[PDB]
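Working through the structure, step by step
The chain contents come next:
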Amino acid sequence: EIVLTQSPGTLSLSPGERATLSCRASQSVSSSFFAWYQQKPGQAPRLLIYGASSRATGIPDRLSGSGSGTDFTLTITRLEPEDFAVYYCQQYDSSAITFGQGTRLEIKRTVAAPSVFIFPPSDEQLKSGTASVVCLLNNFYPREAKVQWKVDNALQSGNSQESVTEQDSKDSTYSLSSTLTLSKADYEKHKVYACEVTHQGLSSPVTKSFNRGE
Amino acid sequence: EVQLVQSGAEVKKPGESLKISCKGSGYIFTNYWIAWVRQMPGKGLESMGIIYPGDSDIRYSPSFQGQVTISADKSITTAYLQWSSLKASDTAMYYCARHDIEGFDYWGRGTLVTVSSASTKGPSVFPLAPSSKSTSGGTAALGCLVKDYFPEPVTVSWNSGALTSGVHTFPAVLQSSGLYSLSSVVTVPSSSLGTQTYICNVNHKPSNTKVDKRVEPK
Ligand SMILES: [K+]
């Protein structure tokens, strides 16, 4: 099976700049049967280039491909907002068609600290014997953030999960939601619930908290 | 226009069988290959194999030989993908794509297949109530926690879709129980909290569950 290795894995650039994606094959492939695809979050992939050099119907002039043998590259000259997405190379020379592992291309912008909010468990959920506490980090950049949960100052481990939105199409920021889940019994035996947030745009950790009852 | 219409989302337990379909139209079906492509959650694309309906010539990628059957019924321009016995790692989006000298030049929307020992369950929708600890000088954050449902997906709207500015609906997380949990939040002026009702509208089609939850400050 022909292994395709893309470079780089992630790419942060601003609109108007140039992106150059590379893809190396484990053996020589005819340039006639090489392709690049684009996939935006929640959508099917779309063909960009075939024959390494030929633009698919409706694909802008700023995208261009080249290469032969084992080395192939895709270049996007004057980056636009719609170009910011995941890219995959592909060979279809072999009967066994293979793809590179992908390159995620995201928008680079001014560092922005998250706005942090904390949510106690609802009366509805507590009645069912469980207590979920949610922490929200809103509209921040870059994507790298760190959430720590604390119950009466004890660091919580293995009882929380988080997820992060796709880069926002308007402000190019991310948001993160983290849920700490404890039983009702444990929730009502502790008082101070704190979400401690660290991020490049913060000079020191931000801690939002509430006290059960108050 | 070249169209590729795929069958609806599927949910199965391990060991069970499954057939999904891909109907091509707007081109001569028997002149082109059809490819099946797997995309596991948060992962890349993998070719599973190709079929030429006109001849029923088939080549599988070495990895999928024996695990799946690709077939086609050329008279009704439909291609199929079959498993005798599903396992958890068959959970993915499955795309069909027309294949020719231009590679994979047209793609279907994709069929979601979820495989788990968990059983279909609708969500509990809890309010994420706005308060002093969820306001940042003028701006307030509120939301809904859509908890303990299976399988994906759920959709969330606010005030029957009249509110879209500043809404963030986060990707679900898969809990240790095998049930998903999702949060959806919106940021609003804190002055509007007293003068408006905020309702999240949650639909989980797989369980036929619709829920509208008012999120009031307290
Ligand atoms: K079976």
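Residues numbered from 1 in each chain as written, not as in the entry; some residues may be left out. Chains lettered and ligands numbered in written order. Heavy atoms only, no water.

This entry, as listed in the PDB, derives from X-ray crystallography and reports a resolution of 2.30 Å.

1. A short note on the coordination of the potassium ion
All names here are of chain B. Bound to the potassium ion are the protein donor atoms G15 (O), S84 (O) and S85 (OG), situated 2.6 to 2.9 Å from the metal. Between the donor residues of the potassium ion, the gaps in sequence give the motif G-x68-S-S. Judged by its relative accessible area of 54%, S84 is exposed. By relative accessible area, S85 is classed as partly exposed at 47%. (Donors = N, O, S within 2.8 Å, 3.2 Å for Na, K, Ca; no water. Buried < 20%, exposed > 50% of the residue type's maximum accessible area, 1.4 Å probe, protein only.)

2. Looking at the side chain of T98 of chain A
Residues and elements named next belong to chain A. By the secondary structure assignment, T98 is in strand β9 (residues 98-99). At 2.8 Å, the side chain of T98 forms a polar contact with the backbone oxygen of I2. Here the side chain of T98 touches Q91 through a polar contact of 2.9 Å, side chain to side chain. If we ignore the near neighbours within four places in the chain, the residues touching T98 are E1, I2, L4, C89, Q90 and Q91. (Helix = DSSP H or I, 4+ residues; strand = E, 2+ residues; numbered from the N terminus. Polar contact = N/O pair within 3.5 Å; in protein donor to acceptor, adjacent residues only side chain to side chain. Contact = heavy atoms within 4.5 Å.)

3. Focus on the interface of chain B and chain A
Every contact between the two is made by 45 residues of chain B and, on the other side, 42 residues of chain A. The interface formed by chain B and chain A holds one salt bridge in total. In this structure, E124 of chain A engages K213 of chain B in a salt bridge whose closest nitrogen and oxygen atoms are separated by 3.5 Å. For the pair chain B and chain A, the interface holds 14 residue pairs in polar contact. (Salt bridge = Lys/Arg side-chain N within 4 Å of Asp/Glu carboxyl O.)

4. A closer look at the pairing of strand β13 (residues 145-151) of chain A
Residue and element names in this part refer to chain A. Relative to strand β17 (residues 192-199), β13 runs antiparallel, the two being bridged by seven bridges. Directly across from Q148, in β17, lies its bridge partner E196. In this sheet, strand β14 (residues 154-155) lies alongside β13 in antiparallel orientation, the contact comprising two bridges. Each bridged residue has a counterpart across the sheet, and for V151 the counterpart in β14 is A154. (Pairing = 2+ DSSP bridges.)

5. Here's the deal with the layout of surface pockets
Computed from the structure, the second largest pocket encloses a volume of approximately 530 Å³. Forming the walls of the second largest pocket are 21 residues, and the residues nearest its centre are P120, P121 and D123 of chain A together with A129 and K218 of chain B. Elements with a minimum of two residues in the lining of the second largest pocket: α1 (123-127) and β18 (206-211) of chain A together with β12 (124-128) of chain B. Per element, the largest residue contribution to the lining of the second largest pocket is three residues, and it comes from α1 of chain A. (1 Å grid on protein atoms, 1.4 Å probe; cavity = no way out; pocket = protein on both sides within 12 Å on 5 of 7 lines; lining within 4 Å. Points joined across faces, edges and corners; volume = space filled by probe spheres on them.)

6. Notes on the domain arrangement of chain A
Many structure descriptions define interface size as the accessible area lost when the parts assemble. All names here are of chain A. According to the domain assignment, chain A consists of domain 1 (1-109) and domain 2 (110-212). Averaged C-alpha coordinates put domain 1 and domain 2 at centres separated by 37 Å. The partner domain 2 presents 11 residues to the seven residues of domain 1 that form the contact. In this assembly, domain 1 packs against domain 2 so that about 750 Å² is buried in total across both faces, 39% of it on carbon and sulfur atoms. (Domains from an automatic or database assignment. Buried area = accessible area lost by both parts, 1.4 Å probe.)

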